[PDB]
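*Asks:* okay, here's the opening piece of the assembly, coordinates as they are in the complex:
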Amino acid sequence: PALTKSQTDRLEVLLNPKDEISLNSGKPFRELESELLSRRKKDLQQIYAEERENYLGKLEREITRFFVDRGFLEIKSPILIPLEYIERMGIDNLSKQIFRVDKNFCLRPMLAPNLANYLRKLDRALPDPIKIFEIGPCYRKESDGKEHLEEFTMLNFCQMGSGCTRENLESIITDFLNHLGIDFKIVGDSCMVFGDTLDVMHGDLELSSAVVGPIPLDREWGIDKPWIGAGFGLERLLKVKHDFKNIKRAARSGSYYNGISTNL
């Protein structure tokens, strides 16, 4: 007997990368579902007995330790930001991807503008070079797909002053991804806000866009020194690490816990 689309979808929710099970072997849906339900209950029970840490939270903590230990200041800045930042970032009326709140605010679609303000302010007090980073939620309206979430988690690290060269940026990216065990290559790309980017690719998956300043946008943000920076999506990092087929397994969700369905 054949499986319906609804039945296949249910089994795909319960399947995990480490399994090797044929969904269309001819084994009935009831036995495939029962087997996968038992494997997933066992997996969740083991997490609850022995680890208890959320993958996104744990990865944020691991990344925070890496950057703090390398001299970067840990920032936590507003998620709800002025809508005026959008136009001022050169997102001309991507603009359609912004979640608006009330009439003068929005959910930040990236960390960059708040970090640019911190670089400018901290350069009045701290010695050269200024090194900061932030990890937290960002928001974009997206077409459904395997590598995009509307609510995702960004890391952005950046530096301003001395040492803001392409080679130092590539070296930090290399140390960072070597620390996480993730293979990558760097390919050129370009974007509306920053211009030319160094995109960090794991196969066809974009893990990061990175930028070597200065750029013309700097003047509108009061940035007047060389700078480098890069933005990474944490759920994309987890998708690679855990071989997830869909990024939703990695997301803030009520539907998956550490990639295990919560519909059991």
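*Replies:* That came in fine, so what should we check first? Numbering: from 1, shown residues only, chains lettered A, B, ... in the order given.
*Asks:* Could you chop chain A up by domain?
*Replies:* A:1-52, A:53-264 (curated CATH domains).
*Asks:* Which helix or which strand is home to residue A:182?
*Replies:* Under the criterion DSSP states H and E, no helix or strand holds residue A:182.
*Asks:* Please tell me how far it sits from residue A:241.
*Replies:* Going from residue A:182 to residue A:241 by Cβ to Cβ, to the nearest Å gives 7 Å. Quick note: C-beta positions are derived from backbone N, CA and C, even for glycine.
*Asks:* what number of residues lie near the nearest residue to residue A:47 once chain neighbours are set aside?
*Replies:* Nearest residue to residue A:47 in three dimensions, chain neighbours excluded: residue A:258, at 6.0 Å (Cβ to Cβ, 6 or more residues apart in numbering). For residue A:258, the neighbour count with other Cβ atoms under 10 Å is 18.
*Asks:* which one of the domains of chain A is the most hemmed in?
*Replies:* domain A:53-264 (a mean of 16; mean count of other Cβ atoms under 10 Å).
*Asks:* Run the chain-centre distance for that domain.
*Replies:* The chain centre lies 7 Å from the centre of domain A:53-264; the measure is Cα atoms, centre = their mean, to the nearest Å.
*Asks:* Kindly check the end-to-end length of that domain for me.
*Replies:* Its start and end residues considered, domain A:53-264 measures 20 Å (Cα to Cα, to the nearest Å).
*Asks:* and what of stretch A:136-153?
*Replies:* End to end - Cα to Cα - stretch A:136-153 spans 5 Å.
*Asks:* and what of stretch A:130-150?
*Replies:* 31 Å.
*Asks:* What lies in contact with stretch A:23-37?
*Replies:* Outside stretch A:23-37, the residues within contact range by Cβ atoms under 8 Å, 6 or more residues apart in numbering are A:1-3, A:7-8, A:10-12, A:14-15, A:19, A:21, A:264.
*Asks:* Export only the CA atoms of it, formatted as PDB.
*Replies:* Output of stretch A:23-37 as PDB, limited to C-alpha atoms (Å, rounded to 0.1, in the frame of the first residue of the first chain):
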ATOM      1  CA  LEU A  23       9.600   5.400   4.100                       C
ATOM      2  CA  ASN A  24       8.200   3.700   1.000                       C
ATOM      3  CA  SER A  25       9.500   0.200   1.600                       C
ATOM      4  CA  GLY A  26       6.000  -1.200   1.800                       C
ATOM      5  CA  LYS A  27       6.000  -1.300   5.600                       C
ATOM      6  CA  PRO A  28       2.700   0.100   6.700                       C
ATOM      7  CA  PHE A  29       2.400   3.700   7.900                       C
ATOM      8  CA  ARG A  30       1.300   2.500  11.400                       C
ATOM      9  CA  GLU A  31       4.600   0.700  12.000                       C
ATOM     10  CA  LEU A  32       6.900   3.400  10.600                       C
ATOM     11  CA  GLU A  33       5.100   6.000  12.700                       C
ATOM     12  CA  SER A  34       5.300   3.800  15.900                       C
ATOM     13  CA  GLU A  35       9.000   3.000  15.300                       C
ATOM     14  CA  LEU A  36       9.900   6.700  14.800                       C
ATOM     15  CA  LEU A  37       7.800   7.800  17.700                       C
END
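*Asks:* okay, chain B goes in next:
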Amino acid sequence: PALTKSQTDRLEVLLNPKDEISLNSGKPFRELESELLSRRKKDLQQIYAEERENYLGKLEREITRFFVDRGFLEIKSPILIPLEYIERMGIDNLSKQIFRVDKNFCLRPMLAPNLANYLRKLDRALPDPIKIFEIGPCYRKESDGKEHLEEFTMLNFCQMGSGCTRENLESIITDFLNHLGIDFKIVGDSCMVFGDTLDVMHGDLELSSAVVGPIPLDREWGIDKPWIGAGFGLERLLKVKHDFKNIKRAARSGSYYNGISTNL
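*Replies:* That brings us to chain B, laid onto the chains above:
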């Protein structure tokens, strides 16, 4: 010569609890400002040289370790939630405090509804009792004041099944606040959503509202067992720990870093 309101406000931005300086001693504004600017630059330089951790991030990490080590599962759930959750929580049309996003979403004003969904789902897979917690951003429109932020950080821990008594709830609260070194008392209060609460007070400052279920709301969320839970604001905890006069010193902000003005 006397200080203007603008001058006093500037000195108050630069003043920290550990200082003992008379603003209206007759010393001129220029010398008070220069002295406080030097103290704050020194403070920020010491943070950058020797700690580099953000107070909110560090406190989240400390609280996470406490609860994980006591058997609670770490949750990270959506911040952008369905607007339908508001009515379903008994926030009758507090309702005016909700930030709406688009037409069917809002920013969560509390963690409770997402945690109720997790308790219900996890009770199908995990052994009794179910113990979970979450730390993250919550949002409410507020009248300006010394103890409220529009963007704040909540901890909520909760348990469902056995052990869901007032005495066990009070014992967890006591262990938690003893771990942070914060004195408190418990006073009864009541709220629209949950009914009677045990409010955890540090002087006149409400650190938490806690609840012993069951309550009538349970049926609308599929909760059908005893439960306990409590919600704490992290910025209020930091206000107590650091003796800040205004909670804004503790907030996600571009204006203060670990309670030090970034306008230097």
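*Asks:* what do you get for the neighbour count of residue A:258 once chain B is counted?
*Replies:* 20 (other Cβ atoms under 10 Å in any protein chain shown).
*Asks:* My read is that it contacts residue A:55, right?
*Replies:* Yes: Residue A:258 is in contact with residue A:55 according to Cβ atoms under 8 Å; the separation is 4.8 Å.
*Asks:* What distance do you get for the nearest residue to residue A:189 once chain neighbours are set aside to residue B:88?
*Replies:* Spatial nearest neighbour of residue A:189, excluding adjacent residues (Cβ to Cβ, 6 or more residues apart in numbering or on different chains): residue A:199 at 4.4 Å. Computed as Cβ to Cβ, the residue A:199 to residue B:88 distance reads 43 Å.
*Asks:* Over to residue A:119?
*Replies:* 43 Å.
*Asks:* can you give me the helices for the stretch 51-200 of chain A?
*Replies:* Assigned helices in the stretch 51-200 of chain A, in chain order: A:55-69, A:84-88, A:112-122, A:166-180 (criterion: DSSP state H, counting those that start in this stretch).
*Asks:* okay, these in JSON lines with distance to residue A:206 next?
*Replies:* Listed next are these as JSON lines, based on distance: least, Cβ to Cβ, whole Å:
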{"stretch": "helix A:55-69", "distance to residue A:206": "18"}
{"stretch": "helix A:84-88", "distance to residue A:206": "22"}
{"stretch": "helix A:112-122", "distance to residue A:206": "16"}
{"stretch": "helix A:166-180", "distance to residue A:206": "13"}
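*Asks:* Pipe the ones you listed into a markdown table and attach distance to chain B per row.
*Replies:* Output for those, formatted as a markdown table (distance: least, Cβ to the nearest Cβ, whole Å):
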| stretch | distance to chain B |
| --- | --- |
| helix A:55-69 | 5 |
| helix A:84-88 | 11 |
| helix A:112-122 | 4 |
| helix A:166-180 | 16 |
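*Asks:* Tell me which of those helices sits nearest to residue B:237.
*Replies:* Residue B:237 sits nearest to helix A:55-69 of all the helices of the stretch 51-200 of chain A, at 18.5 Å, using Cβ to Cβ.
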